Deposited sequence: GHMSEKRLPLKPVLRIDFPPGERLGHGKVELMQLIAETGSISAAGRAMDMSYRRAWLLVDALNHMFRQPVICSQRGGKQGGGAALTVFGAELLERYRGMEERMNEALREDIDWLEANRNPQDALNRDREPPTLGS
């Protein structure tokens, strides 16, 4: 047995930016641990590199995505962004289902 074929989504924010697995995982991990340093640790990166992803997220949109507290959290908007990316993933999977079947039939068994 191996795992199924799986589409993965990223969205380009031209010119400089992206929203994909790395920023979504950070967001999910902030929702779960309440900590930027913990999320960075989980993802095997320095606090600097993690914090720069946070900083990117807080300048990509009209509202902040992550905020401090008494020490981090998703804002109302951040939670909305995360749910909408999850929905996009679901919608993409639905749309590509037949294409995946064709890839799967054509995939080398080994």
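Q: Need the unmodelled segments of the deposited chain, numbered from 1, in order.
A: Model skips 1-5, 76-81, 122-135 of the deposited chain.
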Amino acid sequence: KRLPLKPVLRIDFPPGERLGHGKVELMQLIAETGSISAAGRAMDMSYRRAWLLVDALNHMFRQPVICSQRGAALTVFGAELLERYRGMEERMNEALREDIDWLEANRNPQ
From here on, numbers count along this sequence of modelled residues.
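Q: Which is higher in the entry, the mean Cα B factor of 100-108 or that of 2-10?
A: Higher mean C-alpha B-factor: 2-10.
Q: Highest Cα B-factor in the deposition, which of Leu52, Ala31, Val76, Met45?
A: Result of the comparison over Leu52, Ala31, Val76, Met45: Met45.
Q: Please rank the C-alpha B-factors of the chain's modelled residues and tell me whether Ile36 sits in the lowest, middle or highest third.
A: According to the entry, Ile36 has a C-alpha B-factor in the chain's lowest third.
Q: Ranking every modelled residue in this chain by its Cα temperature factor as given in the entry, which third contains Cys67?
A: Middle third, going by the recorded CA B-factors of the chain.
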